[PDB]
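What follows is a set of notes on a single structure, which appears directly below.
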């Protein structure tokens, strides 16, 4: 017992729970800060960028462009659009108490995010070691998902592709296609992941050569269908 | 061993087969030929079998066992009280084995003839060993009868086969 | 020549001929499933007489679950050297790395199947 894969499966699941809570906090933070600066959400589309921007700006919108840390977060074009939009925002300064609770949840969110990244990294590293070739095709994360359900690299390899195909559909590589081509794309990725898992069960092509061949072979057909 | 071939190797074969034939006929009309439209077994060793049963009384069974033994060049013998042995090339035995078990029904009922007349009669068979032997001292296949269990051994005894009988 | 030690069910040239003949006959009688995928199904479903695999598979591991399924279900499995050869016996112009002779009702092929089964059970030591 204590197989490392189950550790990584569960670490990878945390990541999903933290993504969910981060989404919820973003929604909350957007709504709360709506009164100070209602137009901003439309200007900063990336949730984390938005939250970092809110934490930076605070109660005083004026002079935002001049800030040297905000320059670190957003593109100059964007900084300038928000700055100009700040000067004509129809929102009122926040109460000490609403400002303070906003800052508290912003801090919460960034701490959550840092831990999220720390785990994403850990999953990547260990997966690249546990199934180098599989990982290369569908990413550490999806690979960990299909391993968890299957009950390990050996139980996965003893499976036919058609049963391995679900998670493969919802994978990145498959989702980067137009909906029309996803079903047959999922089929194709499944097949190749089946080959990749088997190699990996025997601890071969440990540098991912096979994974890479397979990936490019998969990408080429993607190009064909276009 | 067999090769198969695909759909496209059927067409090509069917068409190139047909073409040669029709064009050859075509010239025949031009040329005006055609009005215009041994017991088997192995010498080195010897495969063998052995069988054991409750009753042999049915004659139809007694007769087959004499024929096939002479038909297939099976050496051997048979005995009983008031066992069966067979030896030959491995192909022969397999036929005979099939006969004794799966073809013939020993559980079946027969109406026998006696010196006075005909009477009804109402047994099982199973194989003991099959194997390999330095030499088969059996010269011919000789069905016989023994009254005791002992001269029965002495019968086999002549052949150094005493052991082949199992109580 | 040498084969991956892992292609543990390996048939010599004689058994290889018989196997491929019987596979070819099964293709004709329609008791033949071709492909690692479909062979897996026949095992999970419990309708497999025996399994034949190509030790030629480039991904040797891509068919190694079969002997495991087999061991559990008590189904004979054997290897032959050539996946192109197996292909041809399955009617296919393409290489075939696994295939399954399935159970069929009152099969004429029964006696031949039984015989092949025994031969394969012999190789398992």
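Residue numbers (the UniProt record's numbering), protein chains in the order written: chain A, 86 to 250, 272 to 332; chain B, 436 to 472, 533 to 577, 581 to 620, 628 to 672; chain C, 4 to 128.
No residue lacks a Cβ here, since even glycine has one placed at the ideal position from N, Cα and C.
By Cβ distance, which residues of its chain are closer than 6 Å to residue 471 (chain B), with the 5 residues on each side in sequence left out?
-> Excluding sequence positions up to five before and after residue 471 (chain B), its CB lies within less than 6 Å of the CB of 464, all in the same chain and listed in chain order.
Segment limits, beta strand (DSSP E) that includes residue 546 (chain B) = Counting along the chain, residue 546 (chain B) sits inside the beta strand (DSSP E) bounded by residues 542 to 548.
Enclosing alpha helix (DSSP H) for residue 227 (chain A) [first to last residue] | Looking at the DSSP string, the run of the alpha helix (DSSP H) that includes residue 227 (chain A) is 217 to 235.
So, helix, strand or coil for residue 104 (chain C), using DSSP?
-> In the structure shown, residue 104 (chain C) falls within a strand segment according to DSSP collapsed to helix, strand and coil.
Expressed to the nearest angstrom, what Euclidean distance is found between the alpha-carbon atoms of residue 42 (chain C) and residue 94 (chain C)?
-> About 16 Å.
Closer than 7 Å by beta-carbon distance: list the chain C residues that pair up with residue 441 (chain B), in chain order.
-> 96, listed in chain order.
Which word fits residue 79 (chain C), buried or exposed, when buried means at least 16 other C-beta atoms lie within 10 angstroms of its C-beta?
-> Residue 79 (chain C) counts as buried, since at least 16 other C-beta atoms from the protein chains shown sit within 10 angstroms of its C-beta.
Given a limit of 9 Å on CB to CB distance, which residues of the segment 57 to 72 of chain C reach chain A?
-> For the segment 57 to 72 of chain C, the beta-carbon criterion of a distance under 9 Å to any beta-carbon of chain A is satisfied by 61, 62, 63, 64, 65, 66, 67, 68, 69, 71 and 72.
Please name the residues in the segment 6 to 22 of chain C whose beta-carbon is closer than 7 Å to at least one beta-carbon of chain B, in chain order.
-> Taking 7 Å as the Cβ-Cβ cut-off against chain B, the residues of the segment 6 to 22 of chain C that qualify are 20.
Between the segment 38 to 55 of chain C and chain A, which residues of the former have a C-beta closer than 8 Å to a C-beta of the latter?
-> From the segment 38 to 55 of chain C, only 39, 40, 43 and 44 have a Cβ closer than 8 Å to chain A.
Is the CB-CB distance between residue 62 (chain C) and residue 304 (chain A) below 7 Å?
-> Yes; because the gap between Cβ atoms is below 7 Å, this pair is in contact.
Under 8 Å by Cβ, that's how I've got residue 619 (chain B) and residue 552 (chain B) pegged, so tell me the actual separation to the nearest angstrom.
-> About 6 Å separates the two Cβ atoms, so the contact holds.
Count the other C-beta atoms from every protein chain shown that fall within 10 angstroms of the C-beta of residue 220 (chain A), then say buried if there are 16 or more, exposed otherwise.
-> Residue 220 (chain A) comes out buried.
Residue 146 (chain A) beta carbon less than 7 Å from that of residue 122 (chain A) | Yes.
Output, in chain order, the set of chain C residues within a Cβ distance shorter than 7 Å of residue 436 (chain B).
-> Within 7 Å Cβ-Cβ: 20, 23 and 24.
Put residue 90 (chain C) into one of helix, strand or coil per three-state DSSP.
-> DSSP, reduced to helix, strand and coil, places residue 90 (chain C) within a helical segment of the structure shown.
DSSP state of residue 3 (chain C) mapped onto helix, strand, coil = Since the first residue shown for chain C is 4 and the last is 128, residue 3 (chain C) is missing from the structure and cannot be characterised.
When the distance is taken between beta carbons, is residue 111 (chain C) closer than 7 Å to residue 53 (chain C)?
-> Cβ distance not < 7 Å, so residue 53 (chain C) and residue 111 (chain C) don't count as in contact.
Would you call the CB atoms of residue 138 (chain A) and residue 158 (chain A) closer than 7 Å?
-> Yes, they are a contact pair.
For residue 65 (chain C) and residue 300 (chain A), believed in contact at Cβ under 8 Å, the rounded distance = Approximately 7 Å separates the beta-carbon atoms of residue 300 (chain A) and residue 65 (chain C); this is inside 8 Å, confirming the contact.
Can the beta-carbon of residue 90 (chain A) be found closer than 7 Å to that of residue 215 (chain A)?
-> At the C-beta level, residue 90 (chain A) and residue 215 (chain A) come within 7 Å of one another.
Which parts of the segment 5 to 39 of chain C are runs of the alpha helix (DSSP H), unbroken and 4 residues or longer, counting only runs that do not cross its ends?
-> Within the segment 5 to 39 of chain C, the runs of alpha helix (DSSP H) that reach at least 4 residues and sit entirely inside it are, in chain order, 16 to 31.
By how many angstroms is the C-alpha of residue 654 (chain B) removed from the C-alpha of residue 116 (chain C)?
-> Whole-angstrom Cα-Cα distance: 42 Å.
Paired residues, beta bridge with residue 586 (chain B) - DSSP | The secondary-structure analysis by DSSP pairs residue 586 (chain B) across a beta bridge with B:542.
Using 7 Å as the limit for Cβ to Cβ distance, is residue 27 (chain C) near chain B?
-> For residue 27 (chain C), the answer is yes, since a Cβ of chain B falls inside 7 Å of its Cβ.
Residue 47 (chain C) versus residue 193 (chain A) - alpha carbon distance = Counting only the Cα atoms, residue 193 (chain A) lies some 50 Å from residue 47 (chain C).
Does any residue of chain F bring its CB to less than 7 Å from the CB of residue 125 (chain C)?
-> In the structure shown, chain F cannot be found, because the protein chains are A, B and C.
Proximal residues of chain C, C-beta to C-beta of residue 220 (chain A) below 9 Å | Neighbours of residue 220 (chain A) on chain C: none; closest Cβ ~16 Å, over 9 Å.
Bounding residues of the alpha helix (DSSP H) (the contiguous stretch that carries residue 135 (chain A)) | Per DSSP, residue 135 (chain A) belongs to the alpha helix (DSSP H) from 132 to 142.
Contact set for residue 642 (chain B): own chain, Cβ-Cβ below 6 Å, skip 5 residues either direction | Excluding sequence positions up to five before and after residue 642 (chain B), its CB lies within less than 6 Å of the CB of 664, all in the same chain and listed in chain order.
Test: residue 301 (chain A) CB closer than 7 Å to a CB of chain C = Taking Cβ atoms only, chain C reaches closer than 7 Å to residue 301 (chain A), which makes this a yes.
DSSP state of residue 122 (chain A), grouped into three classes?
-> Looking at residue 122 (chain A) - three-state DSSP - the assignment turns out to be coil, as it is neither helix nor strand.
Going by the CB atoms, is the gap between residue 85 (chain C) and residue 36 (chain C) shorter than 7 Å?
-> Taking the C-beta atoms as reference points, residue 85 (chain C) is found no nearer than 7 Å to residue 36 (chain C).
Of the choices A:142, A:187 and A:133, whose alpha-carbon is the least far from that of residue 117 (chain A)?
-> For the residues A:142, A:187 and A:133, the minimum Cα distance to residue 117 (chain A) belongs to A:187.
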